[PDB]
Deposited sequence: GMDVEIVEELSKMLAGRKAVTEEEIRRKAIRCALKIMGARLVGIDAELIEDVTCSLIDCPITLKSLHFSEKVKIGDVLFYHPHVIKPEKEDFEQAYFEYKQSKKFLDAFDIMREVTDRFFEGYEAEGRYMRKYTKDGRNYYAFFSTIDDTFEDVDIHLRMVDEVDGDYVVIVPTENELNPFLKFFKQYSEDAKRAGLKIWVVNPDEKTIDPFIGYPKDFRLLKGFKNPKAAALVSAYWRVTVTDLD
């Protein structure tokens, strides 16, 4: 905990912003919850994230402006200009992509880990014969930014820690991570696996399980 401390971390990330979306707040709330709780995130329910997001929308983005099918939120007499909507929109796309992929990722990862027993939503813990895997669901751009969190996470769990991210359309997201952090990831033993939400497949980007019986579950 606490819910208050997560709401304080979220309010640091959004300082100076004139517009946000609920899906952006929701995504960054899961990432702040991780930063503050680490492994204890396996015990967190969706209701913590509901309460955190409603901190910020219902620093305080109280006032609604609808642009097409997207609901933006802004402060009281702070007026969002084009540039603020454009950034809020870039963040909405990023966040919606993760959020749309989220449940398919947990389906594909469960299927990879059968029949390990499974618990958790935002971090998911898989256990079979006293052997544990810990899966955090994110995106590669987030993982890039949150890399210090993930590097420390590998030593904090009794088992293997894996970040599960979706496929991207461009090369740069995965390519810039490789250039900047692949060696740090290897040295720390951080695993990152890639889910195709369309094809319902999973593939390693960085790192492998330590059981040949799981290697069956990868696409290529």
Write out the missing regions of the deposited sequence in sequence order, one range per stretch. 59-65, 228-246
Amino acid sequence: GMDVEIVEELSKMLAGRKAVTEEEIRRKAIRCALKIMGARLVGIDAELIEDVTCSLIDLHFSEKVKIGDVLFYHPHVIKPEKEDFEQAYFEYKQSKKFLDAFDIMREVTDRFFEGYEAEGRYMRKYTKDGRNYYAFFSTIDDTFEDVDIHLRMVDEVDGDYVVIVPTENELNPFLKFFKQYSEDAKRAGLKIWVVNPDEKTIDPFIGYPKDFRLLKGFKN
From here on, numbers count along this sequence of modelled residues.
Mean B factor on CA atoms, stretches 8-16 and 202-210, record says higher is 8-16
Can you tell me whether 29-37 has a higher mean C-alpha B factor than 42-50 in this record, or the other way round? 42-50
When the CA B-factors of 147, 118, 140, 135 are compared as recorded in the entry, which is the largest? 118
Based on the PDB entry, the highest CA temperature factor among the options 61, 174, 161, 181 is that of 61
Quick one: classify residue 65 as lowest, middle or highest third of the chain based on its Cα B-factor. middle
Third of the chain, ranked by Cα B-factor, where residue 56 sits: highest
